[PDB]
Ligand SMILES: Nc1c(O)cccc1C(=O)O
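In the form deposited without the named molecule, a lone chain appears below as structure tokens.
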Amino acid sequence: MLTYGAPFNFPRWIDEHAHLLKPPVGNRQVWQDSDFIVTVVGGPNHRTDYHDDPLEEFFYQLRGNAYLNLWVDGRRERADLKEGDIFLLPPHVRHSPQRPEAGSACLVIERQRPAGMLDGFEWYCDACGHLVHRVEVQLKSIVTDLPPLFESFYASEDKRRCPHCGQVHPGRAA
């Protein structure tokens, strides 16, 4: 059977879910329980964590502009997602997506991670650049598995404390 239902008009679906593509929800997964995890991410949203995904992430910035803060070759770099851009991020490249614009919309496609293949989430020192804290997670569901991880980082000066220079990372807003 068509487990995932019939085709349907995507711009209309994005319009209809506009209330969810802004704070505090910010994103909406299109189909549930599929191998391909297909999400539309709105804005505005800024964040300070970097994602270490053990699989690739595809992006197609449909509306508005965004950008990814990256580590590439041990160096801080930015990949702009201008409206209309597509991009494929290889495994493990660290990214912290920034989505400044309201009414923006990006198609993001990932794969379910198999048992034993973990995601990392991590934060780096604004002053010296050293890794501050990393947590590895078996990501089964974004909505229950991820916000407590971030919240536990923001609530602890210990987790936020740079082991190189001792500066305490700011937590939620940079």
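Rigid core: the largest C-alpha set superposing within 1.5 Å between the two forms. Heads up: residue numbers just count along the shown sequence, starting at 1.
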(request) Would you say which of 142 to 150 and 31 to 39 moves more relative to the shown form in 4 other deposited structures of this protein, going by RMS C-alpha distance with the core superposed? (result) 142 to 150
(message) To spell it out: superpose each other structure in 4 other deposited structures of this protein onto this one by the rigid core, compute Cα RMS over structures and residues for 21 to 29 and for 8 to 16. Which is larger?
(response) 21 to 29
(message) Quick check on the record: does 139 to 147 or 104 to 112 carry the larger mean Cα temperature factor?
(response) 139 to 147
(request) Identify the stretch, either 41 to 49 or 123 to 131, whose C-alpha atoms have the larger mean B-factor according to the entry. (result) 123 to 131
(message) By the CA temperature factor listed in this entry, which of these ranks top: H95, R99, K82, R75?
(response) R75
(request) Determine, from the deposited record, the chain-internal third of the Cα B-factor for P170: lowest, middle or highest. (result) highest
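Form deposited with the named molecule bound: not shown, discussed below.
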(request) Pop the named molecule in from its pose in the deposited bound form with a site C-alpha superposition and tell me open or blocked, counting ligand atoms that come within 2.4 Å of any backbone or C-beta atom (3 or more means blocked). (result) open
(request) Taking 4.5 Å between heavy atoms as the contact cutoff, choose which of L118, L149, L131, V108 touches the named molecule in the deposited bound form. (result) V108
(message) Please determine whether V137 contacts the named molecule in the deposited bound form, using a 4.5 Å cut-off between heavy atoms.
(response) no
(request) Examine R47 and determine whether its closest non-hydrogen atom to the named molecule in the deposited bound form is within 4.5 angstroms. (result) yes
(request) Check whether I142 has any heavy atom within 4.5 Å of a heavy atom of the named molecule in the deposited bound form, and answer yes or no. (result) yes
(message) With a cut-off of 4.5 Å between heavy atoms, is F59 one of the residues that contacts the named molecule in the deposited bound form?
(response) yes
(request) Taking only heavy atoms into account, state which residues of 72 to 109 are within 4.5 Å of the named molecule in the deposited bound form, ordered by sequence. (result) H95, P97, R99, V108
